[PDB]
Amino acid sequence: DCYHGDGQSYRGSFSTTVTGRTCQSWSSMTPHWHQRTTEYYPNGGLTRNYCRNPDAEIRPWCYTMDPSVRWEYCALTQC
Ligand SMILES: O=C(O)c1ccc2c(c1)CCNC2
Ligand SMILES: [Cl-]
Ligand SMILES: [Cl-]
């Protein structure tokens with residue numbers, strides 16, 4: 001799947017970064033503590049560890065399960 005524009009409306013299930021890393025679940029503060037949660041982004045579709053763009057980034061992204069890599073853009077292409 002691909003995203004349109006900045007991907008703020010992307011609701012797919014892709015969960016892999018541009019370096020092949022697995023996205024961290026949005027509801028998790030582990031390994032990375034953060035504030036991109038449904039509490040603060042109720043319209044963001046912050047579901048499981050799905051690639052999302054809740055904060056008007058240029059493209060969908062996620063926190064990563066690698067403790068040494070906080071966040072990355074997802075390996076999704078623009079439509
Ligand atoms: O972890 C953070 O403080 C943080 C800050 C800014 C941005 C992200 C994460 C994700 C991408 N959008 C900008
Ligand atoms: Cl989209
Ligand atoms: Cl920001």
# chains A, B, ... in the order shown; residues from 1 in each chain; ligands from 1
$ residues_around --residues "residue A:16" --least-positions-apart "5" --cutoff "8 Å" --atoms "only C-alpha atoms" --output "number ranges by chain"
A: 21-23, 51, 74-75
$ residues_near_ligand --ligand "ligand 3" --cutoff "8 Å" --atoms "only C-alpha atoms and all ligand atoms" --output "list in words"
residues 55, 56 and 57 of chain A
$ residues_around --residues "residue A:45" --least-positions-apart "3" --cutoff "10 Å" --atoms "only C-alpha atoms" --output "ChimeraX atom specification"
/A:8-12,26,37-38,41-42,48,50-54
$ write_last_selection --atoms "N, CA and C atoms" --output "compact mmCIF listing (two decimals), in the first residue's frame"
# COMPACT_ATOMS: atom_id res chain seq x y z
N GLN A 8 -1.54 11.48 6.38
CA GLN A 8 -2.31 11.66 7.62
C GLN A 8 -3.59 10.84 7.63
N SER A 9 -4.13 10.55 6.45
CA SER A 9 -5.30 9.66 6.33
C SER A 9 -4.94 8.18 6.13
N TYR A 10 -3.66 7.83 6.15
CA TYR A 10 -3.31 6.41 5.96
C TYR A 10 -3.79 5.58 7.16
N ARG A 11 -4.62 4.56 6.92
CA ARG A 11 -5.08 3.66 7.98
C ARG A 11 -4.76 2.20 7.66
N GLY A 12 -3.69 1.98 6.91
CA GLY A 12 -3.25 0.62 6.61
C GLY A 12 -2.59 -0.03 7.81
N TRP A 26 2.09 2.25 19.53
CA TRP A 26 1.80 3.60 19.99
C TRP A 26 1.39 3.67 21.46
N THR A 37 0.09 9.29 21.59
CA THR A 37 -0.88 8.33 22.08
C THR A 37 -2.27 8.81 21.69
N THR A 38 -3.23 7.89 21.76
CA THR A 38 -4.62 8.20 21.41
C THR A 38 -5.15 9.32 22.29
N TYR A 41 -3.73 12.22 20.52
CA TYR A 41 -4.06 12.22 19.08
C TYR A 41 -5.26 11.33 18.80
N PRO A 42 -6.46 11.74 19.28
CA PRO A 42 -7.66 10.90 19.20
C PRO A 42 -8.14 10.62 17.77
N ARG A 48 -2.28 -0.36 17.28
CA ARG A 48 -1.14 -1.27 17.36
C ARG A 48 0.18 -0.52 17.13
N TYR A 50 0.99 0.37 13.89
CA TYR A 50 0.78 0.71 12.50
C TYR A 50 1.38 2.06 12.17
N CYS A 51 2.04 2.13 11.01
CA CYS A 51 2.58 3.37 10.48
C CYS A 51 1.49 4.42 10.40
N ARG A 52 1.75 5.58 11.00
CA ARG A 52 0.78 6.66 11.05
C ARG A 52 1.45 8.04 10.95
N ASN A 53 0.63 9.06 10.77
CA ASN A 53 1.13 10.42 10.77
C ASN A 53 0.20 11.32 11.59
N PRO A 54 0.28 11.21 12.92
CA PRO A 54 -0.65 11.95 13.78
C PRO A 54 -0.29 13.42 13.95
$ closest_atom_pairs --of "chain A" --to "ligand 1" --cutoff "10 Å" --atoms "only C-alpha atoms and all ligand atoms" --output "Markdown table"
| residue | atom | partner | partner_atom_place_in_ligand_line | distance |
| --- | --- | --- | --- | --- |
| A:32 | CA | ligand 1 | 1 (O) | 8.1 |
| A:33 | CA | ligand 1 | 1 (O) | 7.9 |
| A:34 | CA | ligand 1 | 1 (O) | 5.8 |
| A:35 | CA | ligand 1 | 1 (O) | 7.7 |
| A:36 | CA | ligand 1 | 9 (C) | 7.9 |
| A:52 | CA | ligand 1 | 11 (C) | 9.8 |
| A:53 | CA | ligand 1 | 12 (N) | 7.7 |
| A:54 | CA | ligand 1 | 12 (N) | 8.2 |
| A:55 | CA | ligand 1 | 12 (N) | 5.9 |
| A:56 | CA | ligand 1 | 12 (N) | 7.1 |
| A:57 | CA | ligand 1 | 12 (N) | 4.9 |
| A:58 | CA | ligand 1 | 12 (N) | 8.1 |
| A:59 | CA | ligand 1 | 11 (C) | 8.7 |
| A:60 | CA | ligand 1 | 11 (C) | 8.5 |
| A:61 | CA | ligand 1 | 11 (C) | 6.6 |
| A:62 | CA | ligand 1 | 10 (C) | 7.1 |
| A:63 | CA | ligand 1 | 10 (C) | 7.6 |
| A:70 | CA | ligand 1 | 1 (O) | 6.8 |
| A:71 | CA | ligand 1 | 10 (C) | 6.3 |
| A:72 | CA | ligand 1 | 11 (C) | 7.5 |
| A:73 | CA | ligand 1 | 11 (C) | 7.9 |
$ write_last_selection --atoms "N, CA, C and O atoms" --output "PDB file, in the first residue's frame"
ATOM      1  N   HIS A  32      10.589   3.151  23.696  1.00  0.00           N
ATOM      2  CA  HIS A  32      10.627   4.615  23.621  1.00  0.00           C
ATOM      3  C   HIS A  32       9.433   5.260  24.282  1.00  0.00           C
ATOM      4  O   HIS A  32       8.288   4.952  23.958  1.00  0.00           O
ATOM      5  N   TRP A  33       9.733   6.138  25.236  1.00  0.00           N
ATOM      6  CA  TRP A  33       8.739   6.972  25.900  1.00  0.00           C
ATOM      7  C   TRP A  33       8.350   8.093  24.959  1.00  0.00           C
ATOM      8  O   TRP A  33       9.207   8.707  24.332  1.00  0.00           O
ATOM      9  N   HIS A  34       7.057   8.369  24.849  1.00  0.00           N
ATOM     10  CA  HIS A  34       6.597   9.357  23.891  1.00  0.00           C
ATOM     11  C   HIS A  34       5.199   9.821  24.226  1.00  0.00           C
ATOM     12  O   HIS A  34       4.562   9.290  25.135  1.00  0.00           O
ATOM     13  N   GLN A  35       4.718  10.805  23.470  1.00  0.00           N
ATOM     14  CA  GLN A  35       3.366  11.348  23.683  1.00  0.00           C
ATOM     15  C   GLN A  35       2.447  11.279  22.454  1.00  0.00           C
ATOM     16  O   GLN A  35       1.422  11.945  22.411  1.00  0.00           O
ATOM     17  N   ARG A  36       2.835  10.499  21.450  1.00  0.00           N
ATOM     18  CA  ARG A  36       1.948  10.178  20.328  1.00  0.00           C
ATOM     19  C   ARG A  36       1.044   9.004  20.685  1.00  0.00           C
ATOM     20  O   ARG A  36       1.215   7.882  20.170  1.00  0.00           O
ATOM     21  N   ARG A  52       1.749   5.582  11.001  1.00  0.00           N
ATOM     22  CA  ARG A  52       0.779   6.665  11.053  1.00  0.00           C
ATOM     23  C   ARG A  52       1.451   8.039  10.946  1.00  0.00           C
ATOM     24  O   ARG A  52       2.672   8.184  11.034  1.00  0.00           O
ATOM     25  N   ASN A  53       0.629   9.058  10.775  1.00  0.00           N
ATOM     26  CA  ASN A  53       1.125  10.425  10.766  1.00  0.00           C
ATOM     27  C   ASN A  53       0.196  11.316  11.588  1.00  0.00           C
ATOM     28  O   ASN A  53      -0.591  12.075  11.038  1.00  0.00           O
ATOM     29  N   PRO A  54       0.277  11.209  12.918  1.00  0.00           N
ATOM     30  CA  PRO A  54      -0.646  11.947  13.781  1.00  0.00           C
ATOM     31  C   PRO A  54      -0.291  13.421  13.947  1.00  0.00           C
ATOM     32  O   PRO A  54      -1.153  14.199  14.340  1.00  0.00           O
ATOM     33  N   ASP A  55       0.959  13.775  13.654  1.00  0.00           N
ATOM     34  CA  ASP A  55       1.554  15.054  14.032  1.00  0.00           C
ATOM     35  C   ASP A  55       1.968  15.866  12.807  1.00  0.00           C
ATOM     36  O   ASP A  55       2.834  16.740  12.893  1.00  0.00           O
ATOM     37  N   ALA A  56       1.355  15.557  11.664  1.00  0.00           N
ATOM     38  CA  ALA A  56       1.547  16.328  10.429  1.00  0.00           C
ATOM     39  C   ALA A  56       3.019  16.337  10.038  1.00  0.00           C
ATOM     40  O   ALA A  56       3.613  17.377   9.682  1.00  0.00           O
ATOM     41  N   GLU A  57       3.610  15.154  10.149  1.00  0.00           N
ATOM     42  CA  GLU A  57       4.912  14.904   9.611  1.00  0.00           C
ATOM     43  C   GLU A  57       4.753  14.868   8.076  1.00  0.00           C
ATOM     44  O   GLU A  57       3.624  14.917   7.551  1.00  0.00           O
ATOM     45  N   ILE A  58       5.866  14.816   7.348  1.00  0.00           N
ATOM     46  CA  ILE A  58       5.815  14.751   5.872  1.00  0.00           C
ATOM     47  C   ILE A  58       5.289  13.429   5.324  1.00  0.00           C
ATOM     48  O   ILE A  58       4.879  13.366   4.160  1.00  0.00           O
ATOM     49  N   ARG A  59       5.345  12.380   6.143  1.00  0.00           N
ATOM     50  CA  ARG A  59       4.944  11.043   5.721  1.00  0.00           C
ATOM     51  C   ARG A  59       4.720  10.145   6.943  1.00  0.00           C
ATOM     52  O   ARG A  59       5.089  10.522   8.045  1.00  0.00           O
ATOM     53  N   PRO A  60       4.094   8.966   6.754  1.00  0.00           N
ATOM     54  CA  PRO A  60       3.876   8.110   7.917  1.00  0.00           C
ATOM     55  C   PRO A  60       5.171   7.598   8.536  1.00  0.00           C
ATOM     56  O   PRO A  60       6.181   7.394   7.842  1.00  0.00           O
ATOM     57  N   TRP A  61       5.128   7.410   9.844  1.00  0.00           N
ATOM     58  CA  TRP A  61       6.321   7.102  10.624  1.00  0.00           C
ATOM     59  C   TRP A  61       5.892   6.296  11.858  1.00  0.00           C
ATOM     60  O   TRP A  61       4.683   6.086  12.108  1.00  0.00           O
ATOM     61  N   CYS A  62       6.879   5.880  12.636  1.00  0.00           N
ATOM     62  CA  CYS A  62       6.618   5.236  13.897  1.00  0.00           C
ATOM     63  C   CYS A  62       7.847   5.259  14.776  1.00  0.00           C
ATOM     64  O   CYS A  62       8.974   5.436  14.307  1.00  0.00           O
ATOM     65  N   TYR A  63       7.607   5.015  16.052  1.00  0.00           N
ATOM     66  CA  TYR A  63       8.692   4.741  16.969  1.00  0.00           C
ATOM     67  C   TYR A  63       9.107   3.319  16.668  1.00  0.00           C
ATOM     68  O   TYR A  63       8.284   2.543  16.197  1.00  0.00           O
ATOM     69  N   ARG A  70      15.052   5.778  17.845  1.00  0.00           N
ATOM     70  CA  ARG A  70      13.826   6.280  18.433  1.00  0.00           C
ATOM     71  C   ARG A  70      12.632   6.255  17.467  1.00  0.00           C
ATOM     72  O   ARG A  70      11.609   5.621  17.745  1.00  0.00           O
ATOM     73  N   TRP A  71      12.756   6.951  16.343  1.00  0.00           N
ATOM     74  CA  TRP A  71      11.690   6.917  15.334  1.00  0.00           C
ATOM     75  C   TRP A  71      12.227   7.010  13.930  1.00  0.00           C
ATOM     76  O   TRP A  71      13.328   7.492  13.701  1.00  0.00           O
ATOM     77  N   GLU A  72      11.432   6.515  12.992  1.00  0.00           N
ATOM     78  CA  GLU A  72      11.803   6.564  11.593  1.00  0.00           C
ATOM     79  C   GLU A  72      10.564   6.683  10.737  1.00  0.00           C
ATOM     80  O   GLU A  72       9.466   6.286  11.154  1.00  0.00           O
ATOM     81  N   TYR A  73      10.756   7.214   9.535  1.00  0.00           N
ATOM     82  CA  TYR A  73       9.751   7.105   8.489  1.00  0.00           C
ATOM     83  C   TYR A  73       9.512   5.631   8.158  1.00  0.00           C
ATOM     84  O   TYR A  73      10.407   4.798   8.265  1.00  0.00           O
TER      85      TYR A  73
END
$ select_by_dssp --residues "chain A" --states "strand (DSSP E)" --output "ChimeraX atom specification"
/A:2-3,61-63,71-73,77-78
$ residues_around --residues "residue A:77" --least-positions-apart "5" --cutoff "9 Å" --atoms "only C-alpha atoms" --output "mmCIF file with C-alpha atoms, in the first residue's frame"
data_model
loop_
_atom_site.group_PDB
_atom_site.id
_atom_site.type_symbol
_atom_site.label_atom_id
_atom_site.label_comp_id
_atom_site.auth_asym_id
_atom_site.auth_seq_id
_atom_site.Cartn_x
_atom_site.Cartn_y
_atom_site.Cartn_z
ATOM 1 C CA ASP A 1 0.000 0.000 0.000
ATOM 2 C CA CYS A 2 0.860 3.656 -0.519
ATOM 3 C CA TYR A 3 -0.084 6.924 1.212
ATOM 4 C CA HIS A 4 -1.603 10.059 -0.334
ATOM 5 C CA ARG A 59 4.944 11.043 5.721
#
$ atom_distance --atom1 "atom CA of residue A:64" --atom2 "atom CA of residue A:39"
19.8 Å
$ atom_distance --atom1 "atom CA of residue A:6" --atom2 "atom 1 (Cl, counted along the ligand's line) of ligand 2"
7.2 Å
$ closest_residue --among "A:78, A:43, A:17, A:49" --to "ligand 2" --atoms "only C-alpha atoms and all ligand atoms"
A:78
